[PDB]
């Protein structure tokens, strides 16, 4: 059985934090669906890179369930994720079936918005800490990648490779992660 990943792509998402996990996960043999929040139309990312999603979120919602739901960062992207009722439904369903939820940079703030994973240890971009911690519902970490139960978080564009490889390791195991890592020419 092939593992499946849903990446939710909204206007203003950080394009590096989107492309790096999609690419790395596909190198690991995972079936990745890049789903556009607003539909099938091309999405203008935070630095004006324009990416064509594989499907609308509405369509991708019906082809579930997914072994991981991925929330990229970017301040405006995360805000769009935090305001979407469809994202709330997807996240609440993933939580209930004990599937993995992964968010990077500003992305974890959508978890707070949708009341996902309260009590977990999480990290965010430093500039997003105050927002994530409003109410003290999580415990904050400064680790570059943090995993507590089914909640996997990471800090910024420069942690995107470590974030993606942590997803691979969680889904496919350490050996596949190591095999996918070697041809990338990462430092550590």
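Residue numbers count along the first chain shown, from 1.
Mean CA temperature factor is higher for 58 to 66 when stretches 32 to 40 and 58 to 66 are set side by side in the entry. Higher mean CA B-factor, judged across 142 to 150 and 156 to 164 from the recorded values: 142 to 150. The top Cα temperature factor in the record, among 71, 112, 91, 85, falls on 85. Highest CA B-factor among 170, 13, 178, 22, as stated in the entry: 170. Split the chain's modelled residues into thirds by C-alpha temperature factor. Residue 185 is in the lowest one. Annotation for residue 108: C-alpha temperature factor in the lowest third relative to the rest of the modelled chain, per the entry. Sort the modelled residues of the chain by CA B factor and residue 8 lands in the lowest third. Annotation for residue 45: CA B-factor lies in the middle third of the chain's modelled residues.
Residue-level temperature factors show residue 128 in the middle third of its chain, judged at the C-alpha atom.
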